[PDB]
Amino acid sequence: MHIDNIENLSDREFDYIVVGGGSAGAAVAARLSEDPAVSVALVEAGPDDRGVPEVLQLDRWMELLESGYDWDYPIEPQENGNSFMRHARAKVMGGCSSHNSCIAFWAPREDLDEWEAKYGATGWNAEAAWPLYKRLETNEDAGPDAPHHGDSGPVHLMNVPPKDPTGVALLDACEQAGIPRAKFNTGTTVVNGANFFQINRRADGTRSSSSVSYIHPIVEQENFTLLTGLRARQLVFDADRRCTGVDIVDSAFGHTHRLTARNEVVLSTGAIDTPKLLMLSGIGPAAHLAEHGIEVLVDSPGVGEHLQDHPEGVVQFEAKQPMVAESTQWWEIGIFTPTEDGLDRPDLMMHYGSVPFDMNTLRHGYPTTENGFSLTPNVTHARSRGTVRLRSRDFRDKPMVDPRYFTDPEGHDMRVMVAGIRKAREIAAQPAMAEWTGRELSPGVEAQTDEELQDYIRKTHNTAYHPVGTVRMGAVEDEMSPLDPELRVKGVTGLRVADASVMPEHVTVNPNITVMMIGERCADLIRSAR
């Protein structure tokens, strides 16, 4: 059942409680509920997404930013980046899978094999992931000549139709520039190639969000309880340090209500909110906890550390002809390319947008247009690392989010980003684009030297919206990895984390499908443990 008023819930005890009904959390809860002998509650601060067309219609996603569906986290002042940048985070069923552009990627097998081989996460490799991606998807490319793909999973992936003539021309221009058309999600990593994406969207235009895919079909299921509009402020522990539940607050008076879990609690509130919720519960770096008066239950120096992202630049152009009036999600093509020889993974990815993107360029006086297109390069394996810290002991205060963009000591992130701008301009200047590409609006042709392009990036960069890794899994004996390879929070029992915060290293591609895969794996870890 769906419960949007806690006063309507009489039994507040479950076998499992999943906190956060986002990309991973909806997956974990759906999959746990598949055992009819088990009771599952999924707790979500935002509202039910059922019948909210602004959330369900994928082509409207850009309107969700800074709406009532966005927690809206601005960042701390940036030493070498853009202090005006905001981390949009969805506050609704489905989480960010309910606000995103639905770009859908299997992670490179080389990213996933490294989790085990390089970052200590025993059991986390392509072998473990491959069957989970197949289970989770129904993919338009499924068939006997691509047997890795799923044809029955709840998450529908489809090919973006190549209708946009500017995008067709852009791909022709990539080819002229030495970047061929490539198939995505074949299981072989695209190092140098470009194409229209696969998107996780249904035929009727509805996003195939985690809530749509896993949760709408089971809302009436006997052993499953969905609680929306309720915000976890603290996890509850035994004298034995067994997590026994969560304190949640209603939206009416802000009273606190306790829910109890008999087996496990699963925290899935995402890379920004999960570290905050663990810190509020006494799990985190001891000295940081003490600065806010919080009793330390576990000194877990890695909580809130290792924040990773795909920082993103922009090159905008006037179009010489009318741009498309309709689209799947306005950001329909991706281009991968290496800036260096000998890579098994692209170090640079660019999105092509059939709209101007002047969120961070207008305040610096760059001209804009109502008819143009954007190329947005992003650094796939950024080496900068930031933090998420408490702003106070009050759960209602937004956390301090400091990604430290472009601070890696070797200047890697900034180097790749300058090369991405130069590459975006090289592609837009190919013969196949000559009847599309007008004036470069930003950074503009007066910006040519490494210094000018660095100064532009520092001012105008954005994010792909891919924060990860603030509560990472790692070796049982690594003190900086708050989780063991089974996703259990070290130092307490009965508690696991499953969302983007677990990644020990970012993946090369847009991470959503991977985060749902992480949900699917957590459910299996749980089911096998009992």
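From 1 onward, residues are counted along the sequence shown.
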Can you tell me which stretch has the higher mean Cα B-factor, 254 to 262 or 68 to 76?
254 to 262
Which has the higher mean CA temperature factor in the PDB entry, 316 to 324 or 340 to 348?
340 to 348
Looking at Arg496, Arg50, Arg472, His466, which has the highest CA B-factor as recorded?
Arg50
From the list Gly81, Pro275, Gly302, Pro162, select the residue with the highest C-alpha B factor recorded in the entry.
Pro162
Among modelled residues of the same chain, the CA temperature factor third for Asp240
highest
Looking at the entry's B-factor column for C-alpha atoms only, identify whether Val507 ranks in the lowest, middle or highest third of its chain.
middle
Using the temperature factors of the C-alpha atoms in this entry, rank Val489 within its chain: lowest, middle or highest third.
middle
Please place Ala169 in the lowest, middle or highest third of its chain by C-alpha B factor as given in the entry.
lowest
Relative to the other modelled residues in the chain, which third contains the C-alpha temperature factor of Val92: lowest, middle or highest?
middle
